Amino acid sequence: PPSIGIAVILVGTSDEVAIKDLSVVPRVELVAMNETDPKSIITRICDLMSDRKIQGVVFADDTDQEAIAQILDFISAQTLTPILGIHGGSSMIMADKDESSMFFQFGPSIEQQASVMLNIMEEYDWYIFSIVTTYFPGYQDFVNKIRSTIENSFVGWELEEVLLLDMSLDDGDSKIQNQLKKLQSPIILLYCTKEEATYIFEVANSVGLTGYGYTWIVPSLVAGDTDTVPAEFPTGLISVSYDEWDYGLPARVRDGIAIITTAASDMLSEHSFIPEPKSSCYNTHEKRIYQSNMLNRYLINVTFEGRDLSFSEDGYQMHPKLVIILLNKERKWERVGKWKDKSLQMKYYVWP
């Protein structure tokens, strides 16, 4: 069989040895990346394209840097090269991906997480709540998901307030503080970034909203690296997390390599061709009439070792086994439940 070049970029500390364990065959190359700024990531991927001729990229990082998703979507659409954000900032929820994107993420979507949050609430009969978002992309999709779900549930849900915080400006005037004082609900769903959440929480504490009788449910990106716990995060904070526990990095890399290889084998064994790995980022403008995102139809619905690795219409994993986590007294994230297939299985009946 012919060979396909797959680059596995690993930002941060990783066990390359543990990680090292069809119509076409992969020729994998593990790449260690030091920096995560736009120039470094763009430059790294572009140099890898220039030498090896890469059919697709598998990307993993250890950061709380959700912009890596945007950088990678940008690189993906411009070069028309498949990129898989398998872990960290690369797998975090994003803005609307490009029309020409080939970026697929292992993490759960905005709407998936929003449902998981309501499933937690239905379980402990937490029907009275408020939503607090920043302008982080998808904030409207988050509110709209809750609202649509809520308005068809023959349950007595009561969405008391929806706050929109502008984080792009300095808060010297104490606008955020005055908005947060509007909150009266025992449950608050917070949609924002980990960086934004640290500020918001510092404020919410001043207004006495982080204490007992106040529960904050947050999405995956606010928890991020569970080993980096901002001091301003309230003890008793509930979050959703993509199973860093059981779906370890080597399994993810293997699955990432499987997706690109299967997709390529399928397109080849159907169209008698695969897309040519373009050897430049500096010619994209010239050769776009010759390129397309054709591989996406094959990348979106790969099945390997019976495991259904299919992706959503928006590029997030279709069926992810999420993990519900609680920030305990020893300021450490604890597993308190699991979300496998439309069903929630919690640890506690009553929270201690």
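Start at 1 with the first residue shown and count on from there.
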{"item": "Residues of the deposited sequence left unbuilt between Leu22 and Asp21", "value": "4 to 9"}
{"item": "206 to 214 set against 86 to 94, stretch whose average Cα temperature factor tops the other in the entry", "value": "206 to 214"}
{"item": "Mean Cα B-factor comparison, 174 to 182 or 98 to 106, giving the higher one as deposited", "value": "174 to 182"}
{"item": "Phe233, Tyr191, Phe74, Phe154, ranked by C-alpha B-factor: the highest one", "value": "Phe154"}
{"item": "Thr43, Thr63, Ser310, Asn293, ranked by C-alpha B-factor: the highest one", "value": "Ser310"}
{"item": "Within-chain third of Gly256 by Cα B-factor, per the entry", "value": "middle"}
{"item": "Third of chain Cα B-factors occupied by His271", "value": "highest"}
{"item": "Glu196 - which third its CA temperature factor falls in, relative to the rest of the chain", "value": "lowest"}
{"item": "For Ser279, the third of its chain into which the C-alpha B factor falls", "value": "highest"}
{"item": "Third of chain Cα B-factors occupied by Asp37", "value": "lowest"}
